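Next come the chains, spelled out residue by residue.
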Amino acid sequence: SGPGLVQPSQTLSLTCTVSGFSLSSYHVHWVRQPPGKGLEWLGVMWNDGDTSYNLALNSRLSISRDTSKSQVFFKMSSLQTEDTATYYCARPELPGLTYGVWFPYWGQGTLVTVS
Amino acid sequence: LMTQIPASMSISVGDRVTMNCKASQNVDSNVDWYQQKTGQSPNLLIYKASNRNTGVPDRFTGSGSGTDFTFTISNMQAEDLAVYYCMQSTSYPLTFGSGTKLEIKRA
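Procedures and definitions
- Residues numbered from 1 in each chain as written, not as in the entry; some residues may be left out.
- Chains lettered and ligands numbered in written order.
- Heavy atoms only, no water.
- Pairing = 2+ DSSP bridges.
- Helix = DSSP H or I, 4+ residues; strand = E, 2+ residues; numbered from the N terminus.
- Axes fitted to C-alpha atoms, helices over the stretch in contact; angles between N-to-C directions.
- Core = buried A, V, L, I, M, F, W, Y, C linked by side-chain atoms within 4.5 Å.
- Buried < 20%, exposed > 50% of the residue type's maximum accessible area, 1.4 Å probe, protein only.

Per the deposited record, determination of this structure is attributed to cryo-EM, with the resolution reported as 12 Å.

Peer 1: Before we move on, can you summarise the sheet that holds strand β8 (residues 68-73) of chain B with the specific residues and values?
Peer 2: All names here are of chain B. Spatial ordering of the open sheet is given by β1-β3-β8-β7, a layout of four strands whose pairing is antiparallel. Each having just a single partner strand, β1 (2-5) and β7 (60-65) make up the two edges of the open sheet. Strand-to-strand twist in this sheet, taken as the mean axis angle between neighbours without regard to direction, amounts to 20°. When β7 meets β8, the two strands line up antiparallel, connected through six bridges. Residue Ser-65 lies in a different strand from β8, and its bridge partner there is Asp-68.

Peer 1: Which residues make up the nonpolar core, and what values go with them?
Peer 2: Counting 23 residues, the largest nonpolar core has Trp30(A), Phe74(A), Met76(A) and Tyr87(A) as its most contacted members. Of all the elements in the fold, those that place two or more residues in this core are β2 (12-17), β4 (40-45), β6 (61-66), β7 (71-76), β8 (85-90) and β9 (111-114) of chain A.

Peer 1: Tell me what's going on with unusual backbone geometry, and back it up with residues and numbers.
Peer 2: Phi is mostly negative for residues that are not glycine, and the peptide bonds are mostly trans. Following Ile5(B), the chain continues to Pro6(B) via a peptide bond in cis, the omega torsion being 5°. Look at the link from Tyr92(B) to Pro93(B): it is a cis peptide, with omega at 0°. Within the fold, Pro93(B) resides in the loop between β9 (82-88) and β10 (95-96). We note that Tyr99(A) has phi near 70°; this positive angle belongs to a residue other than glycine. With respect to the secondary-structure elements, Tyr99(A) resides in the loop between β8 and β9. On the basis of relative accessibility, which here comes to 49%, the residue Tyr99(A) falls in the partly exposed class. Even without being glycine, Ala49(B) reaches a positive phi, approximately 75°. When its relative accessible area of 2% is taken as the criterion, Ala49(B) is described as buried.

Structure below.
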């Protein structure tokens, strides 16, 4: 949740409520799907706390979480027209200890529209 | 990053199909495959290049070496239509393939 219509430059915070498990035990990934069906990685957060992003949103989006309340957050700032898309969150079932990072989803979406 | 070919894949029920992806560099075996049935979120099929996720029927199998990985469906059934996506998770940033839409050829 947290989605909706957008004017370009605006800000927005999406949430993601998890259940069935503890947030310290796995990771969570913000991935979007644009209207032309393309899928993009928005942000990740290693199990230690570090977080990467692609250049696409570097400096504008800020992923965060609350291991206590079981919440994942995405704080978009300076929204652009190209951020329009469905936003999902997922846990990864792949410790990057052994060089994978598989991504189990569990989100049903939440459409953000920047116009 | 990733390249997925083909874009569209018309297949008849019972047929076999293959979708492949290529990586810009070596990512070993960390490539998974997702099915996004129409009107739903994507779902996992194979992870680790070749391992089937729980619940996935064995008509799906994965393989690949160096930079090319392939998903194979031996006997295409009706439920298998939708868009498939490969993704690697070798190292960051994680990246998805552009997608291959499988459509069922019918009378």
